[PDB]
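Report on the following structure.
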Amino acid sequence: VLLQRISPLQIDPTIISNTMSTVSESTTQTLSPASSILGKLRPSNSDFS
Amino acid sequence: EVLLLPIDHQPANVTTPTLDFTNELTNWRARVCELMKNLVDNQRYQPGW
């Protein structure tokens, strides 16, 4: 909590979702690596502490 | 008795204008699209597609 006020960087909320739109797939597939990422990791600012 | 232009001037031959592909800005648009063709020709610069 003391380094919280000192450190300049905060989380950028949209790096992960602004990525994975450069690459895509056919909708015919049932597996999705990008939604696998967004179901796997949840940023939520509770990661940060 | 002179004005200065950023692009090249050339007077028209006829008074009924019609389409041609022989001028400086079409040559420019052509060279830009030729670079983008050379950029899409490699798949290192876009590995996802």
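Ordering of the structure tokens sets the chain letters (A, B, ...), residue numbers begin anew at 1 in every chain, and ligands are numbered from 1 in the order given.
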
*Write out as an NGL selection string every residue belonging to chain B that has an atom at most 10 Å from any atom of chain A, counting only C-alpha atoms.*
:B and (46-49)

*Identify all residues of chain A in alpha helix (DSSP H) (DSSP on the backbone) and supply them as a ChimeraX atom specification.*
/A:2-6,15-18,33-40

_Just the number, please: distance in Å from atom CA of residue A:48 to atom CA of residue A:19, one decimal._
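Taking atom CA of residue A:48 as the start and atom CA of residue A:19 as the end point, the length is 20.2 Å.
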
*Could you please determine the separation between atom CA of residue A:4 and atom CA of residue A:44 in Å, to one decimal place?*
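These atoms are spaced 16.1 Å apart.
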
Which residues come within 10 Å of residue B:10, counting only C-alpha atoms, excluding same-chain residues fewer than 3 positions away, as a compact mmCIF listing (two decimals) with N, CA, C and O atoms, in the first residue's frame?
# COMPACT_ATOMS: atom_id res chain seq x y z
N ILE B 7 1.78 21.08 -55.92
CA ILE B 7 1.72 20.02 -56.91
C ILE B 7 2.00 20.63 -58.28
O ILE B 7 2.01 21.85 -58.46
N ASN B 13 -5.98 19.89 -72.42
CA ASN B 13 -5.99 20.01 -73.87
C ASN B 13 -7.39 20.31 -74.40
O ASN B 13 -7.54 21.10 -75.33
N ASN B 23 -1.39 11.05 -64.29
CA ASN B 23 -0.99 12.24 -63.54
C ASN B 23 -0.30 11.84 -62.25
O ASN B 23 -0.17 10.65 -61.90
